[PDB]
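Inspection log for the structure reproduced underneath, given as structure tokens.
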Amino acid sequence: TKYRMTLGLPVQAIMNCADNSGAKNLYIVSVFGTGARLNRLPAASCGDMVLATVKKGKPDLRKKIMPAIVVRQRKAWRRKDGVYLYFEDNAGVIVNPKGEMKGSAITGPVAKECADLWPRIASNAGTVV
Amino acid sequence: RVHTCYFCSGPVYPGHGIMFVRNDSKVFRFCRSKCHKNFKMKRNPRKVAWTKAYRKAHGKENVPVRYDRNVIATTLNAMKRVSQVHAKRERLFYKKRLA
Amino acid sequence: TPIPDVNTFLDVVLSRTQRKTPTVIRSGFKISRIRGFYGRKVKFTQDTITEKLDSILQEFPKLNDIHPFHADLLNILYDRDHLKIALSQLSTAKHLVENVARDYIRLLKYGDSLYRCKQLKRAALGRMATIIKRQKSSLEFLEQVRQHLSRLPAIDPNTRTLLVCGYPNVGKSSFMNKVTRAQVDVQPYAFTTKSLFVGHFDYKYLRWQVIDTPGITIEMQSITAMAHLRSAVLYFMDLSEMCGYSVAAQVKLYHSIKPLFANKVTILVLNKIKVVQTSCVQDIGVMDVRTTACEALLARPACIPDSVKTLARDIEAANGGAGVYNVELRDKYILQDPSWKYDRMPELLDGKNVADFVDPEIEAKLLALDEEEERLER
Amino acid sequence: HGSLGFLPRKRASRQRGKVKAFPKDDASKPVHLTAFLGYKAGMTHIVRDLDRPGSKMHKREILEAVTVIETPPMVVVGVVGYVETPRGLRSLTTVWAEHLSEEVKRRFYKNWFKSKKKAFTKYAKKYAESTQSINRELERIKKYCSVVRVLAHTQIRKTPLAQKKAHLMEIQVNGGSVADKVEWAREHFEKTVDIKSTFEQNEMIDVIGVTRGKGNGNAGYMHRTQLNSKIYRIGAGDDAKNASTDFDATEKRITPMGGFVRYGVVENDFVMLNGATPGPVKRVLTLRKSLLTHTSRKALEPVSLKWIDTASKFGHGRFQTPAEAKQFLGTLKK
Amino acid sequence: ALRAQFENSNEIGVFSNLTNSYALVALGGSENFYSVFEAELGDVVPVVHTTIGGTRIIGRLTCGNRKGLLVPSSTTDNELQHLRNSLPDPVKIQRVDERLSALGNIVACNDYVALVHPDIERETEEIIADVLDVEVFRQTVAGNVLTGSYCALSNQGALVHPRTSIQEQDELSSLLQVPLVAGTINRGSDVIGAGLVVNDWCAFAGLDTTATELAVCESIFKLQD
RNA sequence: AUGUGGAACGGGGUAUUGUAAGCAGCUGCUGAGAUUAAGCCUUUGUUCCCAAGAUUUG
RNA sequence: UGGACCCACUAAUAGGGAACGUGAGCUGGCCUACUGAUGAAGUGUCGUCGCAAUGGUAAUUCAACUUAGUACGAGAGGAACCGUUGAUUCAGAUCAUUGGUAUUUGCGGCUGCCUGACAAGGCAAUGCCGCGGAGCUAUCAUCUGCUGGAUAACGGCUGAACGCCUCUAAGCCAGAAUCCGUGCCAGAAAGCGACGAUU
RNA sequence: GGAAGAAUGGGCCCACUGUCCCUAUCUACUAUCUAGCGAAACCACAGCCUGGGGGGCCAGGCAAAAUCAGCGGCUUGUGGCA
């Protein structure tokens, strides 16, 4: 499972894809497993599965409401050890509902929270920081 | 383990400060908010008077080992002796710097 | 989905309509408000009937769309022509109900008084009830069809299979029961296995579906299944004639059934002893026959330790169980002193990481440093 | 809106927390106390190993915010008797001690110095004259009464507070027969009861106090009682080795550098509480043993602190003690 | 070859690391996996239950051999001290501070020959060669930088991605001086390293691995006998 | 309403800014200077203040 | 529930009423309530410590690991009780850690004017900029959110009516997020008690 | 985060922003008190709620002064005809 962690990627936001599948920019549509809260747009963060559309990339891949896992976040969130973490940008991965990415590599460091939650993401990761 | 600040070059205790990682797999720890903003603005520590880097370079200043009871006991006393000896040299150095 | 009775379905539909839609309309309101209230109740009644009919149609499959083996078995064991007729009658009834509801809604759109609406509301319900009551035998046939379909197995002709057919009680079922974990009951009465029994089996890292067939409606079903199936024939002939059928009769039956056995591997099993002799009484040769039928159907050296050449869960469960058992890392340590292993260590003292600045050589270095410090002081 | 139960949102009528619910008595159990009242000074954060079975964070390192509450030992000054009646608990009589601490006398007087200090004067003499009368009253307590509470007061002198009035309150004495409680109360007259008597460095306590005031419905200054809130450590500041975590050694004192914000320097017995507590700093708080009996793993697990932070809470402090500070900083002109 | 799953996932390689002389297991998870490892090779080789950097991805992040074991520099010093206490004295553990944090996923090492990602630093390669006492070659597996995760290495055989060319597979096998088989495990999963772990005498695969894949792995690793 | 009393100041500790003015010869003074409780901690520091006025009370 | 009959989450996105729902909350084609704040008064007097009549109430739900790839199922698949950890909504607090906050007009930097000059200062309706403690606040930060009885459906037991039988008639047992208490808050300003002094 | 309700604005796109998520903080004034000055509308009599015939009637519930501040007022699930 995953503990409470700061949400900072609400719907109607543009978020960058960091794999080799050819996708470049990702548009958030909806968030999996969100409660029925009143007047609160669901958000996303590292290790969270959300519904997103590929804005730019390969034409066949885009125009599909597909699950996406965020791997990088600008917002500063606290890790349970007590240290606050923030990244230079927001990065995500192109993944099927089963939990498998079409791409075969990732770019740059990878949050361990995303890596530990999804074991095959750690398999594709080469730099876990 | 208390890490060393990237900008302030001081002791960083757990909890306080922030951790910043880079695309080149380089992670920088900022001791305080001012230090984090100092690294945010790319202020040179050698160009910052209140930084140990300038204080040093301006004339102003992996294999684990099996534990042993005797080694641990002597390590603590040696550290206290090392600090006492090191502090005296700085006082002489400051006196020489003042003179 | 389960098939309810005609009376029960009407009551459930009527009860659901009353429970969901409001039932308190005072006569002092507007005519449109009364018209809207009556129309909503009618529309809800139409929707509930439409949902039930659509669910029945979706649950009911298409005989043509089914596989050739499944469709033939369905037609033989369920009278697919009669089933198709009943489904069309239900579909026609659903269309007729929708037309009646649309006519009633249009009539309700020009409603005048509460009594006119009340009479119209009753009239629509009565017409629907009569249509539902008329379509009574269709529900009974559907319920019987659902029970037969549920009891029916999932045929997989694409995968490797072994069809056992021949004289009844010729030991083919016993061989099938031995080969596969599926156990079909056998009785002294002939044609005990009314329906085919399929048992999955593993051989040479391959999955084989041992499917039994009725001895020779059951015979017709067995013939139809063997007609369209990628499987090998397992014609078992009673060598000792203990199955009640003569050897010549079994041979004649096998020759007659050879048109269905064509384009497949044929095995001649000499029961109660490819021609394979299998002693049904002695239960000998069953494995050999199955194997034959399956075959017919088809510088970095390793430092292996001496211990390798020659539990934790139980321990945790006994003490406190999972989630209540804490495993101590001190025990799983190679420290020389057991007291040292079970004791803590100094992590960081006086602002310095002592654990990161303590080395085994410091034991002698400290004494040397102490001597050096004294010499420097002197 | 908020909870309907907490209505009305009126300011508390009591400055200090009142324990309305007390643990059920058990004569089989030995005589023991149930409630404590200390002073909230401030808070810090500590580093602690998280030995939670079955959790994903099992046998590893976690950071938890803690609160520091100074609890100087009280002085038992009297006992009261309570009788179970068809109208509830009724106060039968009350017996006190001889030499009341001078802070207690401040409680009875709104203008102590102007008053002639006449409180309990005739009671003191009548005790020294004839202890038989007191013995008769204690006979009444031990014979007729069913619930016994001892009169205890905070001893504020050794605290670093401008206030000089002792906070008086009652603590149930649960355990043993009625005569056993009275005898325990009698033998504890005029003496001090330490915090270590009731809490054992790992126990299930309920912190009570009046929340802080945000000003104007009313917003702030209501009575509150928090549940759970496990204890992390019951320090003994009288020992110079009070904080002194075994893992880190690093000789230190609980008092943060420069003193607690708006409180001062903590010197006496203090209790460490996880999370937060109702009420702002330098306010009297009340603790009590948890009413219910729950053996949940979050309430039964042992705690062995790894490292506590004694940095400068005033501003963005970064130094634990001057001993570790001086050698890091270059030798200044002073 | 033994088929088992960690928690509810068969990706044993991510959650555990198996060497020719020691075994790495996670902490705080399902105790059945530790019992299975202990029953399989616990009495033969040590099995350490610890987390590197407070994570259960130690198998997919740490790389090592029977001679030496390498861990990311981000691992806690307290974790390192516990590892040395658990591990035998002849086992060498060295911290690696390189641009690649996932040592296991980037480089797969055998008892004699090791293949690392081309982006590995020269100092890290020298440290790896010094620690593991094996030859380190900087190359790519199936055109993927993550050679240590998309391919599996063992003394008696090697497993590569099914998309690898025959000539490339032959070249890699000749370079590794061991037989190589290109395929997929865990019912078609292309992460052979993440989905399979094989030692010199024992092999541990996912519980969901296909029987044909298990039979192929046993023949390739010669683990049948 | 005479006290480990109160107060105003000041010292120390703690903190923010960034190394002053000036003396000078970027460097030294100087990781200085300034501010530091007005809702920070402490006071063997100097000073004065007070064993006070009115009102209602069986 | 979030977005223009729809398309996704979620456990679901139930139906209504307040007869011109709430158009004197909303838009388009004096006095009396309620909330809070004081308050004179019996009880001699003032004060401390309690009692608690009564009134209100608060937590909901998900997934996650064992218990499992066991029961079961030819297989394909695949339980549950318990135990334990997380998450969502809501509630009650708290400002160590992080962020926000600038009338500390605190420190630093920038521009202009003046004294014949340097210095020296001052000002620019808070000139401009950086940092900025303490405070305030953050589902942007953290902590915590029970346990006993009586019940409905329902399962039964004994047992007549009715020489059998019968959960019922006389009785009893079990059993629902239900009901009533426990805890939580208010504390009668015309409910009360113990206790200290009493010109 | 960036239209989910300041930028310089530029060429549906891009940029921008508390429109919104979700409000938080500050300053000033008003508000507030004190001193002084000081109205008018309006006024049968007044003023606690449930039910029955509204605030005055009947039967109930209750009921403690003086005040300050924010602020309300029959119908349902079953067609008809022969």
Scalar couplings 3J(HN,Hα) for the stretch C:181-188 by Karplus 6.51 cos²θ - 1.76 cosθ + 1.60 (θ = phi - 60°), nearest whole Hz, x for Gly and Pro, are 5, 5, 10, 9, 5, 10, 10, x
Protection proxy (average C-beta count within 10 Å per residue), highest first, orders E:182-195, A:85-98 as E:182-195, A:85-98
Counting other chain Cβ atoms within 10 Å of each Cβ in D:313-321 and taking the mean gives 4
Under 5 Å from the placed amide H of D:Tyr232, counting only residues 5+ away or on other chains, we find D:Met272, D:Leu273, D:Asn274
Contact order relative to length for the stretch C:6-151, counting C-alpha pairs under 8 Å separated by 6 or more residues, stands in percent at 36
Taking the alpha-carbon centre of each part, the distance from the stretch B:18-64 to the stretch C:72-101 in Å is 80
In terms of the charge dipole of chain B, which places +1 on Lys and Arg and -1 on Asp and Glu at the beta carbon, the residue among B:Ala87, B:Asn23, B:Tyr13 farthest towards the positive end is B:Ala87
Computed for the stretch C:161-298: size of charge dipole around the Cα centre, +1 on C-beta of each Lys and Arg, -1 on C-beta of each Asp and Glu, debye to nearest 20, value 320
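Of all DSSP beta bridges in chain E, what percent run antiparallel (nearest 5)? Write out the running numbers ahead of the final one.
On the way: 15 of 33 bridges.
So the antiparallel bridges amount to about 45 percent of the total.
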Sorted by chain and number, the residues with a modelled amide H under 5 Å from that of D:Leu285, at a separation of 5 or more or across chains, are D:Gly38, D:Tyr39, D:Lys40
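For the stretch E:3-114, what is the charge dipole size about the Cα centre, in debye to the nearest 20, if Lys and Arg each add +1 at the Cβ and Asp and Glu each add -1 at the Cβ?
Working: 9 positive and 12 negative charges, 62 e Å.
Dipole about the Cα centre, nearest 20: 300 debye.
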Inter-chain shielding metric for C:32-38, i.e. average beta-carbon neighbours from other chains within 10 angstrom, reads 0
Counting other chain Cβ atoms within 10 Å of each Cβ in A:22-30 and taking the mean gives 0
Phi angles of the stretch C:21-27, converted by Karplus (6.51 cos²θ - 1.76 cosθ + 1.60, θ = phi - 60°) into ³J(HN,Hα) in whole Hz with x for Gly and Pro, give 7, x, 10, 10, 10, 6, 5
With +1 on the Cβ of every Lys and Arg and -1 on the Cβ of every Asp and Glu, the dipole magnitude of chain A about its Cα centre, in debye rounded to the nearest 20, is 320
Once both label points are put 7 Å beyond Cα along the C-beta direction, the C:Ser240-A:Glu88 separation in nm becomes 8.5
Ranked output for segments C:167-177, B:82-92 by mean other Cβ atoms within 10 Å, highest leading, reads C:167-177, B:82-92
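Shape call for chain C from the C-alpha gyration tensor, a ≥ b ≥ c root eigenvalues: rounded (a/c under 1.5), prolate (a/b greater than b/c) or oblate?
On the way: a/c = 4.06, a/b = 1.27, b/c = 3.20.
Note, shape of chain C comes out oblate.
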Restricted to the protein assembly as shown, the DSSP antiparallel beta bridge percent, nearest 5, is 75
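Could you work out the helix-only [θ] at 222 nm for the protein assembly as shown, with each DSSP H run of four or more residues adding -39,500 (n - 2.57) and the total divided by the number of residues, to the nearest 500 deg cm²/dmol?
Details: 36 runs with 372 residues, N = 1165.
My calculation for the protein assembly as shown gives -9500 deg cm²/dmol from helical runs alone.
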Karplus ³J(HN,Hα) for the stretch D:233-245 (6.51 cos²θ - 1.76 cosθ + 1.60, θ = phi - 60°; Hz, whole; x = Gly/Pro) runs 6, 10, x, 10, x, 4, 6, 5, 9, 5, 7, 5, 4
Taking E:28-39, D:4-15 and ranking on average Cβ neighbours within 10 Å, highest first, one gets E:28-39, D:4-15
Per its Cα gyration tensor (rounded if a/c is under 1.5, else prolate when a/b beats b/c, else oblate), the stretch C:161-298 is best filed as rounded
When the charge dipole of the protein assembly as shown is computed with +1 at the Cβ of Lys and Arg and -1 at the Cβ of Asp and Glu, the Cα pointing farthest to the positive end, of D:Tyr221, C:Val289, A:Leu38, is that of D:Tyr221
Among D:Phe22, C:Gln277, E:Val145, the residue whose Cα sits farthest towards the positive end of the charge dipole of the protein assembly as shown, when +1 is placed on the Cβ of each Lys and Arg and -1 on the Cβ of each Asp and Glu, is D:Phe22
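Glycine also receives a Cβ, built like all others from the backbone with ideal geometry; neighbour counts cover every protein chain displayed. Read-outs throughout are calculated quantities, based only on the coordinates presented, and are distinct from any laboratory measurement.
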